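Asker: Pasting an experimental structure, sequence included:
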Amino acid sequence: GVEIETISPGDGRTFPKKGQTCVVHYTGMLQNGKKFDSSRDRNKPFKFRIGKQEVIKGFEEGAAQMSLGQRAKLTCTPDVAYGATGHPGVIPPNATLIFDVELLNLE
């Protein structure tokens, strides 16, 4: 269950398709917790492609439901990212993730 809460500006028409490699200034946030990840720290804005199951399921659907210049606010359910397992030491079991996602890409 990916629940978008869009902060408005962008274009709203350049939608991500297959065979497209995109660039995101994401920022992790644990719900009822602190930060765990930020692409804004390293200033390398995480170039990745669409469809090849690189990212988790919750971030993959939320990326496709955006457009260029937009600023979303994800809420990834446990069953789509880690909630059975949990990423070891970093993400606990049965976790619900919060993402500040900005798509400033190409293609």
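Answerer: All right, it came through fine. Numbers count the residues shown, from 1 in each chain.
Asker: Next, the residue positioned nearest the centre of the chain: secondary structure please.
Answerer: Central residue of the chain (Cα atoms, centre = their mean): residue 59, 4.0 Å from the mean position. Of the three states, residue 59 takes helix according to DSSP: H, G, I helix; E, B strand; the rest coil.
Asker: For the residue lying closest to residue 101 once chain neighbours are set aside, give its distance to residue 38.
Answerer: The spatial neighbour of residue 101 that comes closest, neighbours along the chain excluded (Cβ to Cβ, 6 or more residues apart in numbering), is residue 72 at 4.7 Å. In short, each C-beta sits where N, CA and C put it, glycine included. Per Cβ to Cβ, to the nearest Å, residue 72 is found 16 Å from residue 38.
Asker: Looking at the two, which one has more neighbours?
Answerer: A direct count of neighbours by other Cβ atoms under 10 Å for residue 72 and residue 38 places residue 72 higher, at 23 against 13.
Asker: What are the buried residues along the one helix or strand that one maps to?
Answerer: Using DSSP states H and E, residue 72 falls within strand 71-76. By neighbour count on 16 or more other Cβ atoms under 10 Å, the buried set for strand 71-76 is 71, 72, 74, 75, 76.
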